[PDB]
A.B. asks: 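Starting off with a structure, shown below.
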Amino acid sequence: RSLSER
Amino acid sequence: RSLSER
Amino acid sequence: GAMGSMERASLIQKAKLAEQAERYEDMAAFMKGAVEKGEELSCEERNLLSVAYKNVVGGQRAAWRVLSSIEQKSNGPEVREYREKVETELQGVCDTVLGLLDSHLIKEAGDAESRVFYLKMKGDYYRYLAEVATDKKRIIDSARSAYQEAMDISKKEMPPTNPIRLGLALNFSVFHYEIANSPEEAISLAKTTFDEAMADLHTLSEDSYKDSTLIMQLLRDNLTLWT
Amino acid sequence: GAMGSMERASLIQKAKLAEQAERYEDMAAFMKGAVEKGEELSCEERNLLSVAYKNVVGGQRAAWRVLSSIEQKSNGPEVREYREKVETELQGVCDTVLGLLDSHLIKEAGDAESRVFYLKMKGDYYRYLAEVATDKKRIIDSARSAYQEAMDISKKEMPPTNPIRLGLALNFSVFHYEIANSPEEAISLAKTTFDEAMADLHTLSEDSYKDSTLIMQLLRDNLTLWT
Ligand SMILES: N=C(N)c1cc(-c2ccccc2)c(CNC(=O)c2ccc3c(c2)CCO3)s1
Ligand SMILES: N=C(N)c1cc(-c2ccccc2)c(CNC(=O)c2ccc3c(c2)CCO3)s1
Ligand SMILES: N=C(N)c1cc(-c2ccccc2)c(CNC(=O)c2ccc3c(c2)CCO3)s1
Ligand SMILES: N=C(N)c1cc(-c2ccccc2)c(CNC(=O)c2ccc3c(c2)CCO3)s1
Ligand SMILES: N=C(N)c1cc(-c2ccccc2)c(CNC(=O)c2ccc3c(c2)CCO3)s1
Ligand SMILES: N=C(N)c1cc(-c2ccccc2)c(CNC(=O)c2ccc3c(c2)CCO3)s1
Ligand SMILES: [Mg+2]
Ligand SMILES: [Mg+2]
C-alpha cells in the first residue's frame, strides 16, 4: 500500500 | 516494573 | 445489555473478529454479552474474555501511569482532573469484570480448571484497582484472598507446568512485589514456581513444553530484577 | 457539545495530555471542543487536531481492512455485520471532521497557511470515505477538488519545501494512485514535488531541512513502489 503523511 | 502474564 | 439481542455464537464469532482487527473494546463488549447468556465459557472463550479486558485495562493503566507521573512532577486543575477521569474509567472496567465473575462465573465454574481461571482473574482486577487506590487496604486483601484460593486449588488439581497455574503464580508474585510490599514473598513464590515447573518439563510434549517455558521466561525475568 | 462547559485553554491542555497518554479518542474529543469555541487554531493546535483524528480514523481503517479481507475470502452474516458496524463508525468520524471544517474552520481561515492546512484535511477525510464507499464517484470528486484548491494556494503562497505543502502533495499523490485510478498523475506529482523540494533545500536551516527531508523520504518510498 502507498504511504501517506506519517 | 515487574512483568505480569503477557 | 446491548448485546442481549445477539446470539451467543454470533457474539463469540465477533469477539474473534474484533481480536483480529485489534478492536479490543468491541471484543470485550462481545465477550461480556456472551458471559451474560449464562452458559459455560470453554477454555478458548475464557482466553477470549481475558485477552479482551486485559487489552482494554492495559491501555487505561498505561495512560494513568503517564498522567500520574506528570501530576507528581507538577507537585491548574487540568492534570488532576484528567487523571481522575481516566482513573474512574479504569475502575469502571474493573468493576464490570469483577461483576461478571461474581454474577455468576465463579459460582457456576463446576471444575477446577475453570474455577482457578476465574479466581486468577478476580485477583488481577482487584490488583488493578489497588494500583490506583488510596480502602486500598480492603482491595489488597480481596486480591490476596482470590489469588490464594486459586493457588490452593491449582496445587491440588493441576500439574506444576500447567500454564494457567504458572500464570497465576506469576501474577500473584507481581502482586506481592508491587502492591503488597512483600518482596520476599514474591521471590519465594517465583523461585519455587520456576523450580517445580522445571523439574516437570520432562513429562511434556513439544507443544506443552513451549506453553510452559514461555511463562517460565517471565518468572526468570522478574527474579533477575528482584535479586 | 459535552465539552461546551470546559474552558478553551483547558481543552487544549488536556488534548496535549491525552496525546502523551496515547488516548487519541479523548484527544480528538478535546480538540473538537476547542474548535467549537469558534476561535482560530494556531499551528500547534491544528497539528493537535490532525494528529488526534488521524490516530482515531487510522485504527478504524486498519480494522476495516482486516474485516474486509476476511469478508472477501468468505466469498453467516457476522463478518459482514461487523464490517458494516466498523464502517459506519468510520464514516461517522469522517463526517464529524468534515463538519468542523465546513462549520466553520475553512471559511474563517484568514491566511494561506491555515486555509491550506484545512483543505488538505478536507481532502484526506473525503479520501478515507472513498476507501469504503461504493456515490463513491461523488466523494472522489469532492476529495480531488479540496486537494486541488489546496495545491493552487500552496504553490502561490508557500515555498516548495514547506512541510504542509509537501504533506499535501504526498497525500494527493496517494489519492491519485490508490483511489482515483490515476497512477501516472500520482507519479508525476510525487516526482515534481520531490525534485522542486530538493532544489530548494539550500535555503533552509538545519531544523527546517530535517522537516522537509522527512516528507521527501515518503515521496521517495512511494516512487520506488510505483516505478
Ligand atoms: N484467541 C485467543 N487469543 C486464544 C485462543 C486460545 C485457545 C484456542 C483454542 C482452544 C483453547 C484455547 C488461546 C490459548 N491461550 C494461549 O495460547 C496463551 C498463550 C500465552 C499467553 C496467554 C494465552 C495469556 C498471556 O500469555 S488464546
Ligand atoms: N491442560 C492444559 N495444559 C491445556 C489444555 C488446553 C485446551 C483445552 C481445551 C481445548 C483445547 C486446548 C490448553 C489451551 N492453552 C491455553 O489455554 C493456554 C496456553 C498458554 C498459556 C495460557 C493458556 C495462559 C498463559 O500461557 S492448555
Ligand atoms: N533471594 C534469593 N532467593 C536469591 C539470592 C541469590 C544470590 C545469592 C548470592 C549471591 C548472588 C545472588 C539468587 C541468585 N539468583 C538466582 O538464583 C535465580 C535463580 C533461579 C532463577 C532465576 C534467577 C530465574 C529463574 O529461576 S536468588
Ligand atoms: N503535539 C504535536 N503532535 C505537535 C505539535 C507541533 C507544534 C508545536 C509547537 C509549535 C508548532 C507546532 C507539531 C508540528 N508538527 C510536526 O512536528 C510534525 C512532523 C511530522 C509529521 C507531522 C507533524 C504530521 C505527520 O508527519 S506536532
Ligand atoms: N513555515 C514553516 N516552515 C513552519 C512554521 C512552524 C511554526 C509556526 C508557528 C509557531 C511555531 C512553528 C512550523 C511547525 N512545524 C510544523 O507545523 C510541521 C513540521 C513538520 C511537518 C508538519 C508540520 C507536517 C508534515 O511534517 S513549520
Ligand atoms: N515513470 C517515471 N517517471 C520513471 C521511470 C523510471 C525508469 C526509467 C527507465 C528505467 C528504469 C526506471 C524512473 C526511475 N526512478 C526514479 O527516477 C526515481 C526518481 C526520483 C525519485 C525517486 C525514484 C524517489 C525520490 O525521487 S521514474
Ligand atoms: Mg457450570
Ligand atoms: Mg480567522
Side-chain angles (χ1 to χ4, degrees), chain B residues 1 4, chain C residues 1-3 23-33 35-36 49-53 55-71 74 76-103 121-143 146 175 178-179, chain D residues 1-34 48 52 55-56 59 89:
Chain B
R1 206 172 254 99
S4 59
Chain C
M3 298 298 183
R23 294 270 294 192
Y24 292 108
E25 180 189 334
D26 286 352
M27 193 188 177
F30 292 138
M31 289 308 305
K32 177 177 184 285
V35 166
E36 288 174 348
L49 180 68
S50 175
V51 169
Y53 278 107
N55 274 274
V56 172
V57 80
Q60 295 173 320
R61 291 163 75 210
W64 185 93
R65 290 172 173 125
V66 168
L67 298 172
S68 183
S69 174
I70 294 169
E71 184 181 16
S74 91
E78 286 89 356
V79 191
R80 173 188 57 76
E81 290 172 349
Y82 185 45
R83 190 268 300 158
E84 289 175 346
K85 181 189 161 172
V86 172
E87 184 172 301
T88 296
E89 192 189 285
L90 181 165
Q91 293 168 325
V93 171
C94 293
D95 287 350
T96 290
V97 173
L98 291 167
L100 296 172
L101 296 166
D102 191 65
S103 299
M121 288 188 65
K122 184 172 177 177
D124 284 343
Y125 285 88
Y126 275 115
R127 170 163 59 90
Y128 304 149
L129 287 175
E131 288 176 342
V132 306
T134 64
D135 197 279
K136 188 185 193 188
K137 295 167 169 69
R138 294 196 140 86
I139 294 168
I140 284 167
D141 175 71
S142 293
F175 168 82
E178 296 289 347
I179 306 299
Chain D
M3 298 298 183
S5 63
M6 202 179 312
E7 287 280 15
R8 191 190 186 279
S10 296
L11 291 165
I12 297 299
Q13 187 45 243
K14 289 181 185 181
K16 291 172 184 176
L17 295 168
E19 187 180 25
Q20 294 180 253
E22 299 193 14
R23 294 270 294 192
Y24 292 108
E25 180 189 334
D26 286 352
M27 193 188 177
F30 292 138
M31 289 308 305
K32 177 177 184 285
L48 291 168
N55 274 274
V56 172
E89 192 189 285

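The figures that follow rest on heavy atoms only: side chains count, while hydrogens, waters and symmetry mates do not. Proteins come first, then strands; the chains are lettered A, B, ... in the order of their sequence lines, and each starts at number 1.
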A.B. asks: For C:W64 and C:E87, which heavy atoms make the closest approach, and how far apart are they?
C.D. replies: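 C:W64 and C:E87 have their closest heavy atoms at NE1-OE1, 2.9 Å.
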A.B. asks: Surrounding CD of D:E7 (heavy atoms of other residues, nucleotides or ligands, distance under 6.0 Å), is the total greater than 12?
C.D. replies: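 At most 12 heavy atoms, drawn from other residues, nucleotides or ligands, come within 6.0 Å of this atom.
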A.B. asks: Is there a salt bridge (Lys or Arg N to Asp or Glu O under 4.0 Å) between C:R127 and C:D124 once you walk through the steps?
C.D. replies: CA-CA 5 Å; C:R127 170 163 59 90; C:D124 284 343; 3.1 Å; yes
A.B. asks: Measure the CG-CE distance between D:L11 and D:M6 for me, rounded to the nearest 0.5 Å.
C.D. replies: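 The distance works out to 5.0 Å.
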A.B. asks: Do C:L98 and C:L129 make a side-chain contact, defined as non-hydrogen atoms from C-beta onward lying under 4.5 Å apart?
C.D. replies: yes
A.B. asks: Going by heavy atoms in the side chains, are C:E36 and C:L100 under 4.5 Å from each other?
C.D. replies: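 Yes, their side chains come closer than 4.5 Å.
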A.B. asks: Applying side chain to side chain donor-acceptor pair (under 3.5 Å), name anything that partners C:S142, two or more places apart in sequence or on another chain.
C.D. replies: none
A.B. asks: Minimum heavy-atom separation for C:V132 and C:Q91, please, with both atom names.
C.D. replies: CG2-NE2, 3.8 Å
A.B. asks: To the nearest 0.5 Å, what is the distance between OG1 on C:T96 and CG on C:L101?
C.D. replies: 11.0 Å
A.B. asks: Do C:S68 side-chain atoms and C:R65 backbone N/O form a donor-acceptor pair below 3.5 Å?
C.D. replies: no
A.B. asks: Compare all side-chain heavy atoms of C:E131 with those of C:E178 and state whether any distance is below 4.5 angstrom.
C.D. replies: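 The answer is no; the side chains never approach within 4.5 Å.
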A.B. asks: For C:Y82 and D:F30, run ring pair (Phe, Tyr, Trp, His ring centres under 6.0 Å): C-alpha distance rounded to whole Å, both residues' side-chain angles, the deciding distance at 0.1 Å, then the answer.
C.D. replies: CA-CA 11 Å; C:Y82 185 45; D:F30 292 138; 5.4 Å; yes
A.B. asks: Which atoms form the tightest heavy-atom contact between D:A15 and D:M27, and what is the distance?
C.D. replies: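 Minimum heavy-atom separation between D:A15 and D:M27: O-CG, 3.4 Å.
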A.B. asks: For residues D:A34 and D:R8, report the shortest heavy-atom separation together with the two atoms involved.
C.D. replies: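 Looking at all heavy atoms of both residues, the shortest contact is O-NE, 4.2 Å.
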A.B. asks: Would you compute the distance between atom CD of C:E81 and atom CZ of C:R83 and round it to the nearest 0.5 angstrom?
C.D. replies: 10.5 Å
A.B. asks: Mind checking the CG-CD spacing from D:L17 to C:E78? Nearest 0.5 Å is all I need.
C.D. replies: 8.5 Å
A.B. asks: Taking the side chain as C-beta and beyond, is there a heavy-atom pair between D:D26 and C:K85 under 4.5 Å?
C.D. replies: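 Yes, their side chains come closer than 4.5 Å.
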A.B. asks: Is there a side-chain contact between D:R23 and C:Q60, using heavy atoms and a 4.5 Å cut-off?
C.D. replies: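 In short, these two side chains touch, coming nearer than 4.5 Å.
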A.B. asks: For residues C:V79 and C:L67, report the shortest heavy-atom separation together with the two atoms involved.
C.D. replies: CG1-O, 3.9 Å
A.B. asks: Which heavy atom of C:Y125 sits nearest to which heavy atom of C:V57, and what is that distance?
C.D. replies: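 Heavy-atom minimum between the residues: CE2-CG1, 4.0 Å.
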A.B. asks: More than 12 foreign heavy atoms under 6.0 Å from CD of D:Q20: is that the case here?
C.D. replies: yes
A.B. asks: Do C:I140 and C:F175 make a side-chain contact, defined as non-hydrogen atoms from C-beta onward lying under 4.5 Å apart?
C.D. replies: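 A side-chain contact under 4.5 Å exists here.
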